Amino acid sequence: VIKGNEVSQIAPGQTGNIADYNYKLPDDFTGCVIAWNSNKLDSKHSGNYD
Amino acid sequence: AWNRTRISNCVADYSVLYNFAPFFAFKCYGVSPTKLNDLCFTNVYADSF
Numbered sequence: 401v402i403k404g405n406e407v408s409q410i411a412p413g414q415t416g417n418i419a420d421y422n423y424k425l426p427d428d429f430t431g432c433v434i435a436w437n438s439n440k441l442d443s444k445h446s447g448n449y450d
Numbered sequence: 352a353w354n355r356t357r358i359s360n361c362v363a364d365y366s367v368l369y370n371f372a373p374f375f376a377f378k379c380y381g382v383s384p385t386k387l388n389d390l391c392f393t394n395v396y397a398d399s400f
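Shown next as structure tokens:
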């Protein structure tokens, strides 16, 4: 579960907040990264602070 | 009207640019980041756009 300007760091050999603190992808990654928006199911009016 | 800022006789305290000045777009071309601790810069210039 990420933000909007967050899919960019999800790639092999990538660095950033995710790769330094949250999650590290192997450079030899053999798989598919799939993403879709989740406004109607992962958001709250005051902020889905969960 | 960019300024060619010249830096000399200091240290490469670059980790602050990640969080102390939390700028998001950080693409290092030619020299990938996180290795910037020795043999790093000789005639470092900075361009402000």
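Sequence lines, in order, name chains C and A.
Per the authors' numbering: the first sequence = residues 401 to 450.
Per the authors' numbering: the second sequence = residues 352 to 400.
Beta carbons: idealized from backbone N, C-alpha and C, even for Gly.
Within the 8 Å Cβ cut-off, does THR415 (chain C) reach chain A? So, interface residue.
Roughly how many angstroms lie between the CA atoms of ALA397 (chain A) and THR356 (chain A), to the nearest whole one? Those two C-alpha atoms are separated by around 5 Å.
Do three or more CB pairs link the region 433 to 448 of chain C to the region 416 to 424 of chain C at distances below 8 Å? These segments do not touch.
In angstroms with no decimal places, state the Cα-to-Cα distance between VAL395 (chain A) and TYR449 (chain C). One C-alpha to the other measures close to 42 Å.
Span separating the alpha-carbon of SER383 (chain A) from that of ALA376 (chain A): Cα-Cα distance, rounded: 14 Å.
For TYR396 (chain A), the three-state DSSP class (helix, strand or coil): DSSP places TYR396 (chain A) in strand when its eight states are reduced to three.
Quick one: which chain A residues come within Cβ less than 9 Å of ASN405 (chain C)? For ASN405 (chain C), the C-beta contacts it makes with chain A under 9 Å involve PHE375, in order along the chain.
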